[PDB]
Asks: 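Questions regarding the structure given below will be posed in turn.
Convention: sequence-line order gives letters A, B, ...; per-chain numbering from 1. Hydrogens, waters and symmetry mates are skipped; everything else that's a heavy atom, side chains included, is used.
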Amino acid sequence: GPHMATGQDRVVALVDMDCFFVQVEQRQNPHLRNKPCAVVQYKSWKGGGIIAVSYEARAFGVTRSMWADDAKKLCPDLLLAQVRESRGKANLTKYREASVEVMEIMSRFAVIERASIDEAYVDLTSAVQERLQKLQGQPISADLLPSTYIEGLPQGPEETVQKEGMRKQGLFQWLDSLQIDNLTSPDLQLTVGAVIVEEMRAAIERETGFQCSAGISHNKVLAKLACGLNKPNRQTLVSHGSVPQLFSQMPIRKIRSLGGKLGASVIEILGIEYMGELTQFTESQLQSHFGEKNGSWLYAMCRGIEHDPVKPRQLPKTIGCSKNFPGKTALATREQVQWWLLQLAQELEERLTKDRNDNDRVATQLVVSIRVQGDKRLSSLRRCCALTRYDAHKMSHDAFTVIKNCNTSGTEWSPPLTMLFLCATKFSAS
DNA sequence: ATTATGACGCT
DNA sequence: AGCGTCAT
Ligand SMILES: Nc1ncnc2c1ncn2[C@H]1C[C@H](O)[C@@H](COP(=O)(O)NP(=O)(O)OP(=O)(O)O)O1
Ligand SMILES: [Mg+2]
Ligand SMILES: [Mg+2]
């Protein structure tokens, strides 16, 4: 009763750009705007591999990982923008720089955690407290929440046939039920968080041209889940009270970290399908199947409770360059391996020198990873060496020295390499 | 031949 | 340190 935590202590948002690489290309090329469009990498094999898809193109069934030639069968008028190629490889610099634009705007509002190139978590607890104090007892107008969905609403008892009418009816029920004179009300705190996130999203769109979606809840897992509920160009508030019904039909795999083998094991060992079904197990039972850490996490998460903090980190902690060499193109000679290590190392040096100038830090460790032909894993081997100078020839020579004894017999390289990966790690202030 | 590349856990 | 998992 009075001592059971409810996981309502924080306001956390997850902001995620809508079809991000597509919007970057559409801002640059107005002919692509408001059209079925996708971003592709590498044209020669099957038209290239799609890595981002506009919502207009998704309506035809175009998806990430599809070959462009196959996407064109579903959507003959599909427009395509190609990732830049430099030194024989895809180069993602344009999208990293667009990401920095968005992250720098978000960081004006609150401390962010960079979770991917196109999304960040926001800890809004302090910002909400401040807004609630300057705005004491004032009601919250629906006009301050023009793109917000309240998950689970409307419920109960004609315009509720179009989606915007449903959105507003749900929002009206929520606001009509708020206790606005209670500064410690979790529901009120989430609502003010949503007001701030509307402002944040308006600033992003105003200052970059890019649209995004967002989730607002009490922790990162619920904010991430909420964000996807009403994409694109909308934000969703998931309250603590909404959790039982939301989770009652929510496949386990939809919760972040449960989309792989662990979630599969939860389903198979417990014989359940939905996140809410987890409430019927004791914490010790869950720890017995999934380990102490996972068991405690699952016990809390199925009740809507999670404590993982929004880490104060706007910048990536590693800077890496990778290229696959599939099928017949696998690297089979020592000259080949050395040339591609140099290409990767030259891109890496460019990115590292810029990083040192921008961010006052230097990487101190170089990690080299390879995949051997026939291995299913993303890395067949990983070895590190010191990164003492931002020099591409030195980095590539060192990488070759750490991996060269993976070569069983030469001039020749066997078995052939199907992936090379260089990663700079262990940054220190400079 | 689903690529480029991020974070973090385990031992 | 090096491998495994999960993610966009
Ligand atoms: N598996 C992958 N491989 C390569 N690039 C990828 C990728 N997944 C995503 N990207 C790149 C390309 C993506 O544009 C970007 C962000 O990924 P999302 O946030 O998962 N998806 P998006 O923003 O496109 O659409 P929306 O969020 O509206 O559903 O990262
Ligand atoms: Mg996105
Ligand atoms: Mg994303």
Asks: Whole-Å distance between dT3(B) P and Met66(A) CE?
Replies: 15 Å

Asks: If you pin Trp67(A) and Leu344(A) to their nearest nucleotides in DNA chain B, which one's is more 5'?
Replies: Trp67(A)

Asks: Starting at CG of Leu381(A) and ending at P of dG4(C), how long is that distance when rounded to a whole Å?
Replies: 11 Å

Asks: Can you name the side chain to side chain contact (heavy atoms under 4.5 Å, CB included) partners of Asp308(A), sequence neighbours left out?
Replies: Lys220(A), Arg256(A), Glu306(A), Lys311(A)

Asks: Can you list, by residue number, the residues of residues 261-277 of chain A that have a non-hydrogen atom closer than 4.0 angstrom to DNA chain B?
Replies: none

Asks: Using OP1 and OP2 only, check whether a side-chain N or O of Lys254(A) sits under 4.0 Å from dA7(C).
Replies: no

Asks: Indicate whether OP1 or OP2 belonging to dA4(B) is found under 4.0 Å from a side-chain N or O atom of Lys323(A).
Replies: yes

Asks: Reckon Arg383(A) has a side-chain N or O less than 4.0 Å from the OP1 or OP2 of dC3(C)?
Replies: yes

Asks: Run the side-chain donor-acceptor check on residues 50-62 of chain A: report pairs under 3.5 Å with partners two or more places apart or on a different chain.
Replies:
unit_1   : atom_1 : unit_2   : atom_2 : d
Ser54(A) : OG     : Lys35(A) : O      : 3.0
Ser54(A) : OG     : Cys37(A) : N      : 3.0
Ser54(A) : OG     : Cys37(A) : O      : 3.4
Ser54(A) : OG     : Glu56(A) : OE1    : 3.4
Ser54(A) : OG     : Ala57(A) : N      : 3.2
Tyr55(A) : OH     : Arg58(A) : NH1    : 3.3
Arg58(A) : NE     : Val53(A) : O      : 2.9
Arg58(A) : NH2    : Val53(A) : O      : 3.1

Asks: Which part of the nucleic acid does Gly260(A) contact within heavy-atom distance under 4.0 Å: base, sugar-phosphate only, or nothing?
Replies: sugar-phosphate

Asks: Hey, does the side chain of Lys224(A) come within less than 4.0 Å of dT8(C)'s phosphate (OP1/OP2), counting only N and O?
Replies: yes

Asks: Table please: side-chain donor-acceptor pairs of residues 420-430 of chain A below 3.5 Å, with sequence neighbours left out.
Replies:
unit_1    : atom_1 : unit_2    : atom_2 : d
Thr425(A) : OG1    : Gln365(A) : OE1    : 3.1
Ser430(A) : OG     : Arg361(A) : N      : 2.9
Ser430(A) : OG     : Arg361(A) : O      : 3.4

Asks: Walk me through it: do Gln211(A) and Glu205(A) pass the test side chain to side chain donor-acceptor pair (under 3.5 Å)?
Replies: CA-CA 5 Å; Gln211(A) 290 186 345; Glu205(A) 190 178 2; 2.9 Å; yes

Asks: Provide the full list of side chain to side chain donor-acceptor pair (under 3.5 Å) pairs with a residue in residues 399-412 of chain A, sequence neighbours left out, each pair given once.
Replies: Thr408(A)-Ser414(A)

Asks: At under 4.0 Å between heavy atoms, which parts of nucleotides 6-11 of chain B does protein reach? Answer with one letter per nucleotide, 5' to 3': B base, S sugar-phosphate only, - none.
Replies: SSSS--

